[PDB]
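Asks: Sequence first, structure after; it's an experimental one.
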Amino acid sequence: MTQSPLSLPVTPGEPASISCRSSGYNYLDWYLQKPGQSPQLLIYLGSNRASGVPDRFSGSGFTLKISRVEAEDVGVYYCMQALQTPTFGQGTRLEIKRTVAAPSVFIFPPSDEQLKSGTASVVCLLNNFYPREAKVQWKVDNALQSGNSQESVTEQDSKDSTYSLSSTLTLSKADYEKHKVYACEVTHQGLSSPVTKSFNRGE
Amino acid sequence: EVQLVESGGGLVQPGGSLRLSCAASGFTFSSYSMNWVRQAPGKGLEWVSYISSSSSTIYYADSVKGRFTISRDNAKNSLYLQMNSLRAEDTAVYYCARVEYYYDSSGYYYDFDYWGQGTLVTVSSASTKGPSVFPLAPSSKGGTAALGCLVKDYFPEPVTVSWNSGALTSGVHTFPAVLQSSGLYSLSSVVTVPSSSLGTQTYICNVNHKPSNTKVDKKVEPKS
């Protein structure tokens, strides 16, 4: 049975402690898996730092300790029990609690090229926001859309600690051509009132 | 530099077989023990198999015993994973990893010091399909503009997107793919650029879908 990593929210500059969560300590190693990368060795033999691992990381009996958390520490940390055969514990994903940052919103009409194919995709971009909780709502001719959109969100950025989100509304060509006003409405803690970006088909 | 480069991942029908390879360079491969480790999408790391430097010692995880075979060819600087009777729960990114050992009067200890980039295995009965690439044109906003590319209706994962053949990385966001109702994936890649340069600069997204041997460079420009 597979397990999704656990989320540990931490404030930058404050300490964090990560339990091995396996379910002396010379047999214990720690790995960090930054977004989109392979695991990299952090701590070996319980409390030795791999080269280039900053002062702030240390092991103790059994947890991993970060004295002050920085933006570059985002990722999933994995404890490994290096016995006759190795085993990895459940991951812990650090969530860096930066200041609130509102999203920049952009709406994209379907390309002329795609319409030639019989399908229309309308895209709404929410760029570089924090916290993660942002909501998108689609309206077509001032009518709430239900069941015809999907979204995905990037992992937290290693430099500015923000997220971005992309939402796609999918309609047939026939439906797209039957309506005029396309809008995505965004609610987020950084916005004192919701932001709407829209266009009219045919400009 | 030490490098481990995996290959052989891709789509395979349930019950089929597939062979992974891990090509080692930049160190004496014959002296090191190696492991395979895998990661299901959105899940944790799971150790798969172990082979000592001279193949005398081999271990398997219970989840793959009797179906997977680890081997190596030291003269060819290669590590292999032969996977048979593949099931849906075998879908994962597979990594090769090199073992570093420590010894003292009480015994031996180890960690994994170098890892490959990983190769994705998809166990599914669905068919391979190359994507379409459509532009996300910069709006008439001058401020900060956004543009991108919609990579739509492909299978299996993954696709790679770069901008200007890698010259543009500042401000690029490539989003995780979504699985559409049709069983085909769709993802988008976007960039924010100074809208003051939408006429002078030329932006191209380079889309590559190896599972279908598809390579697209679509120029993205604003519409009149």
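Replies: It's in. Numbers count the residues shown, from 1 in each chain, chains lettered A, B, ... in the order given.
Asks: List the residues that contact the residue lying farthest from the centre of chain A.
Replies: Within chain A, residue A:24 marks the point farthest from the mean C-alpha position, 36.5 Å out by Cα atoms, centre = their mean. Counting by Cβ atoms under 8 Å, 6 or more residues apart in numbering or on different chains, residue A:24 makes contact with A:46, A:61. Just so you know, the C-beta spots here come from the backbone N, C-alpha and C atoms, and that holds for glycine as well.
Asks: again, only using 10 Å
Replies: Residue A:24 makes contact with A:45-47, A:61-62, B:106, according to Cβ atoms under 10 Å, 6 or more residues apart in numbering or on different chains.
Asks: Can you tell me which residue is spatially central in chain A?
Replies: Short answer for chain A (Cα atoms, centre = their mean): residue A:155, at 2.5 Å.
Asks: so the closest residue to it other than its chain neighbours, which of the three states?
Replies: Excluding the flanking residues, the one nearest residue A:155 by Cβ to Cβ, 6 or more residues apart in numbering or on different chains is residue A:35, at 4.0 Å. The assignment at residue A:35 comes out as coil when based on DSSP: H, G, I helix; E, B strand; the rest coil.
Asks: right, and residue A:35 touches residue A:94 too?
Replies: No. If you go by Cβ atoms under 10 Å, residue A:35 and residue A:94 don't touch, sitting 11.1 Å apart.
Asks: Compare these two and say which is more crowded by neighbours.
Replies: residue A:94 (21 against 13; other Cβ atoms under 10 Å in any protein chain shown).
Asks: quick revisit: tell me the contacts of the residue nearest to residue A:155?
Replies: Per Cβ under 10 Å, 6+ apart, neighbours of residue A:35: A:74-76, A:93, A:154-158.
Asks: and the residue lying farthest from the centre of chain B, what are its phi and psi?
Replies: Centroid-distance maximum for chain B: residue B:105 at 41.0 Å, with Cα atoms, centre = their mean. Dihedral pair for residue B:105: phi -70, psi -10, per degrees, to the nearest 10.
Asks: what separates the residue nearest to the centre of chain A from residue A:120, distance-wise?
Replies: Plainly put, residue A:155 is 29 Å away from residue A:120 if you go by Cβ to Cβ, to the nearest Å.
Asks: swap in residue A:82?
Replies: If you go by Cβ to Cβ, the gap between residue A:82 and residue A:120 works out to 53 Å.
Asks: and for stretch B:57-70, what are the contacting residues?
Replies: With Cβ under 10 Å, 6+ apart, stretch B:57-70 has contacts from A:1, A:84-87, B:17, B:19-20, B:33-38, B:46-52, B:55, B:71-72, B:79-87, B:89-90, B:96.
Asks: Have a look at chain B and report its longest strand.
Replies: strand B:92-104 (DSSP state E).
Asks: Tell me which residues of that one come out buried.
Replies: Buried residues in strand B:92-104, defined by neighbour count with 16 or more other Cβ atoms under 10 Å in any protein chain shown: B:92-100.
Asks: Spell out whether it and chain A are in contact.
Replies: Yes. With Cβ under 10 Å from any Cβ of the partner chain as the measure, strand B:92-104 is seen reaching chain A through B:92-93, B:95-97, B:99-102, B:104.
Asks: Do any residues in whatever helix or strand comes next after that strand lie close to chain A?
Replies: Sequence-wise, the next helix or strand downstream of strand B:92-104 (DSSP states H and E) is strand B:107-115. Yes. For strand B:107-115 and chain A, the contact criterion (Cβ under 10 Å from any Cβ) is met by B:107-115.
Asks: by contact count, what packs against strand B:107-115?
Replies: Under the contact criterion of 3 or more Cβ pairs under 10 Å, 6 or more residues apart in numbering or on different chains; DSSP states H and E, strand B:107-115 touches strand A:28-33, strand A:40-44, strand A:75-82, strand A:86-88, strand B:3-7, strand B:34-39, strand B:92-104.
Asks: please redo it, this time with the cut-off set to 8 Å
Replies: Applying 3 or more Cβ pairs under 8 Å, 6 or more residues apart in numbering or on different chains; DSSP states H and E, one finds that strand B:107-115 contacts strand A:28-33, strand A:40-44, strand A:75-82, strand B:34-39, strand B:92-104.
Asks: Need those in a markdown table (columns: distance to residue B:63).
Replies: Formatted as a markdown table, the helices and strands packed on strand B:107-115 follow (distance: least, Cβ to Cβ, whole Å):
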| stretch | distance to residue B:63 |
| --- | --- |
| strand A:28-33 | 20 |
| strand A:40-44 | 24 |
| strand A:75-82 | 17 |
| strand B:34-39 | 9 |
| strand B:92-104 | 11 |
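Asks: Ok, which of those strands comes nearest residue A:16?
Replies: Comparing these by their distance to residue A:16 (Cβ to Cβ), the top pick is strand A:75-82, with 9.4 Å.
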